[PDB]
Amino acid sequence: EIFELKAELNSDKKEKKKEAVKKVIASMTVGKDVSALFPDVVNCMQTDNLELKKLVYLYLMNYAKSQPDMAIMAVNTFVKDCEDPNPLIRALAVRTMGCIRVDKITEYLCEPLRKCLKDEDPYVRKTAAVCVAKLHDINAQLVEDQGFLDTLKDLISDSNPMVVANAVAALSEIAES
Amino acid sequence: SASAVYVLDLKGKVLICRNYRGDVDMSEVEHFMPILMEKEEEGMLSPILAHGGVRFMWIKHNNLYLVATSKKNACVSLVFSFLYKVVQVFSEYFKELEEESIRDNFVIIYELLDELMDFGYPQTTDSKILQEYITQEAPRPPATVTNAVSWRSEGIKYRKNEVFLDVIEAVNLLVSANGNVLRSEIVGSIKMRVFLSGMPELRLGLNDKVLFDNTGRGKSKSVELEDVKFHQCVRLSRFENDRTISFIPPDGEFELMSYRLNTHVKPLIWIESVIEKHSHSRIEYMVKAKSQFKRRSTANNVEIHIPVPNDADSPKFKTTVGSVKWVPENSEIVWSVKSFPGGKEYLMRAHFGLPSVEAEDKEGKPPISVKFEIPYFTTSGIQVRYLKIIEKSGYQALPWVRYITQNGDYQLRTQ
Amino acid sequence: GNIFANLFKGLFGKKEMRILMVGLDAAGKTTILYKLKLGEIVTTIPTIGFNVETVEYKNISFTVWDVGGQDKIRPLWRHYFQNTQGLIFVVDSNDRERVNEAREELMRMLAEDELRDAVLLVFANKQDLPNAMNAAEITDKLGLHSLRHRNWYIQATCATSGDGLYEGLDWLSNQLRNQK
Amino acid sequence: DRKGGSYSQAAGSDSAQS
Ligand SMILES: Nc1nc2c(ncn2[C@@H]2O[C@H](COP(=O)(O)OP(=O)(O)OP(=O)(O)O)[C@@H](O)[C@H]2O)c(=O)[nH]1
Ligand SMILES: [Mg+2]
């Protein structure tokens, strides 16, 4: 079971990797403590198919506080994914970076957040605005040091009304705390 | 300000959960079921629960309760709106809302939950727009979400340009047991199924009383809608300025406007019912229905629900027109009529037995509800005047609309 | 059983093979991988995590998994030891103080009972400064000849130029493949 | 045909109001 799943996930066949990811997602949703296999799924993370990348990101987010030490092997992957040409991939990476409740991981995510704050894609701008608020809620001092308040203020005075509304909501949430 | 959106089941098992902020532990869902059971068993059960410092505000779905945990002073209205949007999206994507699709459509369900809301703040709620970025069977997100028009995808092309409208009437009447009507409200519903090529900017025009008064024609039949709620595509500023209903219709069927005004006219159906219930011996149901509506209109599928005794058995019905059947599941006499011409008069004489032993507790008097549905009948008299379909390319639209009159909250209080 | 499909696949090339990319930080590992895959000297930030890529040459998919030289990432090299067939060691001849640390790390990684079939692959990186040693002084200092049951081969590759990469690839193919 | 009233074509605007 567990050994077979680990062997399937550590294989070079994408057809088996997708099935293993689906089984791991179902086990976690079915109520199975699958946090012990977090390091095994770490290697099978950089995948071209977006179907397995989303499941891996969701598992890491759900298995981030449980195994913060094993999450140190994803900063490079997040940095690499924060520059994908597809706006959806960048937005997903930004959302996953802010969702990871790791104290030693949010410190290194300031550079990708700063890069994506001025993203031309409105979805990327909204994702960066949400990630800034998430980081500020997780660490207000880190957000203040990164100087994201000035970027958030300029977001309201720009185009993309959805992005402007998202930035306004993030600023209100930050000021609320 | 929801902390974690989760989907429960009828047995207390969480079908799916999606944390949004992570400020609430995932183990608090276990106490939600005992708390709900205690509230229901004590009469204090409410959709907004509270597990100490964490509030569990959620609604009950067809098979599971969409409970969303929250800890801070989050907007309950925002949480309810997000839950309603999620339910609508699930209905649009999945034809059924049950546990059969929760355990079978998790691959797309998780992606939809992740994309819809981030950090407790939803960003996209259009099922049609969301279907172009998240599929269960991915390209870049469509520009409609990024653009201002997030409810009409550009580039839609069709062989023909036909738009079907539906002027659905809701006749709600609250008649007291004394015979007087207390709450008599009629809520209009302009539901249109727009199917055209491109992104036309519909210019809805009706014979509104306010519009007629402003134009100077406040002397003919004008609809006086007390409350008019336009859809997201309808521009609020245009309607507020000079009653200009200009909006881009969506691709599919959607509710554009929903009028809601009181009605001061006599009921379309007058029900005269009597209860000759003997003391544990027998019962009589002298129910007479008088149709006050126009004779040119026929009420298709008339269903006047008459609540009979719960313990009544061996009943006999002596009616005039229409099939009358007693359903033990509902414990009432279903006065089912297929076609009811306007001005018709149906008389019924019920007769059922009653056990000698009296019931342990009272059962109450459920109201008598009629299910009349007369199509091609506009009780409010509101008629569509024009529909300005304008397209940059230029095409000849063929709009269509139908008027349907039915019974809404048309309940009759029992004596 | 029938092996006709395997023979047909091997008639035009079937073996792919694997490879590893380990070494100290700022040792040309990321630049070397970029040159092998793309063919240009790409400047990249220090490898906080890891980089996985593949190289198609001689009908063999030479998959290279770059590993950073971070202190917190040094003990993470054991994760790549599972399902690993090759290993490439990148030395840092421009860091005299880091040479001892690199040698100690290589000795620690070479003292694993699970990593036994991985042949030695010493790459002389940063072969552009006059302070860089030859292909024998570094090997003599590291004692590559003292690795019993280990096939070690030292190759000097210039990060800016790229010379010697073809020779190293040919040597790796000859060590991995034992056919015509 | 269709239950609930046959669909009727709608106009373009108030032609009598210019
Ligand atoms: N100019 C120059 N620099 C070189 C050369 N060879 C190696 N370097 C240095 O080596 C570094 C290589 O770093 P990367 O290619 O990004 O990857 P890496 O070698 O694994 O370093 P880390 O990511 O920190 O582990 C560069 O930053 C260079 O400063 C070379 O031939 N010319
Ligand atoms: Mg590198």
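Residues numbered from 1 in each chain as written, not as in the entry; some residues may be left out. Chains lettered and ligands numbered in written order. Part of a larger assembly, values for the part shown. Heavy atoms only, no water. Residues with missing side-chain atoms left out of burial classes, pairs and counts.

Structure determination for the deposited model, as stated in its record, used cryo-EM, and the stated resolution is 9.6 Å.

Chain B is annotated in the PDB entry as AP-1 complex subunit mu-1 of Mus musculus. Entered under Function in the UniProt record, the comment concerning chain B runs "Subunit of clathrin-associated adaptor protein complex 1 that plays a role in protein sorting in the trans-Golgi network (TGN) and endosomes. The AP complexes mediate the recruitment of clathrin to membranes and the recognition of sorting signals within the cytosolic tails of transmembrane cargo molecules." UniProt lists a comment for chain B under the heading Subunit, and it reads "Adaptor protein complex 1 (AP-1) is a heterotetramer composed of two large adaptins (gamma-type subunit AP1G1 and beta-type subunit AP1B1), a medium adaptin (mu-type subunit AP1M1 or AP1M2) and a small adaptin (sigma-type subunit AP1S1 or AP1S2 or AP1S3). Interacts with MARCHF11 (By similarity)." (UniProt positions renumbered as here; feature names shortened; annotations may be inferred.)

For chain A, the name recorded in the PDB entry is AP-1 complex subunit beta-1, with Homo sapiens as its organism.

Enquirer: I tried to follow the overall build of chain A on my own but got confused; where do I start?
Expert: When helices and strands are tallied, chain A shows 12 helices and 0 strands. Counted from the first residue to the last, chain A has its helices and strands arranged as α-α-α-α-α-α-α-α-α-α-α-α. The C-alpha atoms of chain A give a radius of gyration of 17 Å, which matches the 16 Å a tight globule of 177 residues would have. Here the C-alpha coordinates of chain A stretch approximately 55 × 30 × 25 Å along the principal axes. (Helix = DSSP H or I, 4+ residues; strand = E, 2+ residues; numbered from the N terminus. Rg over C-alpha atoms; globule rule 2.2 N^0.38 Å.)

Enquirer: It is not clear to me how the interface of chain B and chain D should be interpreted in this structure. Could you clarify?
Expert: In many reports, interface size means the accessible area that the parts give up when they come together. The partner chain D presents 10 residues to the 13 residues of chain B that form the contact. Elements supplying a minimum of two residues to the side of chain B that touches chain D: β23 (384–390) and β24 (398–407) of chain B. For the side of chain B that touches chain D, the element with the most residues is β24 of chain B, which contributes 6 residues. (Contact = heavy atoms within 4.5 Å.)

Enquirer: Honestly, the UniProt feature "domain: MHD" in chain B in this entry has me stumped. Any pointers?
Expert: Feature annotation in UniProt assigns "domain: MHD" to the following positions: residues 160–413 of chain B. With 6% helix and 52% strand, residues 160–413 of chain B has its two end C-alpha atoms placed 50 Å apart.

Enquirer: Would you mind showing me how to read the arrangement of the chains here?
Expert: Considering every one of the 2 pairs of chains in contact, the largest contact total is recorded for chains B and D. A gap remains between chain A and chain B, which never touch, and the nearest two C-alpha atoms on either side lie 6 Å apart. A gap remains between chain A and chain D, with no contact made and the closest C-alpha atoms lying 32 Å from each other.

Enquirer: So what exactly am I meant to see when it comes to the domain arrangement of chain B here?
Expert: Domain boundaries assigned for chain B yield domain 1 (4–131) and domain 2 (269–375). Domain 1 of chain B and domain 2 of chain B are separated by 40 Å when their C-alpha centres are compared. (Domains from an automatic or database assignment.)

Enquirer: Even after reading the chapter, I still don't get the sheet that holds strand β15 (residues 282–291) of chain B, so can you show me in this structure?
Expert: Sheets are built from strands paired through backbone hydrogen bonds, the pairs being either parallel or antiparallel. Residues and elements named next belong to chain B. Spatial strand order, β14-β15-β20-β17: 4 strands in an open sheet with antiparallel pairing. In the strand order of this sheet, the two ends are held by β14 (269–272) and β17 (313–318), each with one partner. Each adjacent strand pair in this sheet contributes to an overall mean axis angle of 20°, direction not counted. Where β15 and strand β20 (residues 345–353) come together, 9 bridges link them in antiparallel fashion. Each residue of the ladder has a partner; that of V287, found in β20, is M348. (Pairing = 2+ DSSP bridges. Axes fitted to C-alpha atoms, helices over the stretch in contact; angles between N-to-C directions.)

Enquirer: What is the right way to read the sheet that holds strand β5 (residues 65–70) of chain B from this model?
Expert: Residue and element names in this part refer to chain B. Across the sheet, 5 strands lie side by side as β2-β1-β5-β4-β3; this open sheet has antiparallel pairing. Of all the strands in the sheet, the pair left with one neighbour each is β2 (16–19) and β3 (48–51). Ignoring which end each strand starts from, the neighbouring axes of this sheet average 20° apart. The sheet contact formed by strand β1 (residues 4–7) and β5 spans 2 bridges and is antiparallel. Residue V5 lies in a different strand from β5, and its bridge partner there is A68.

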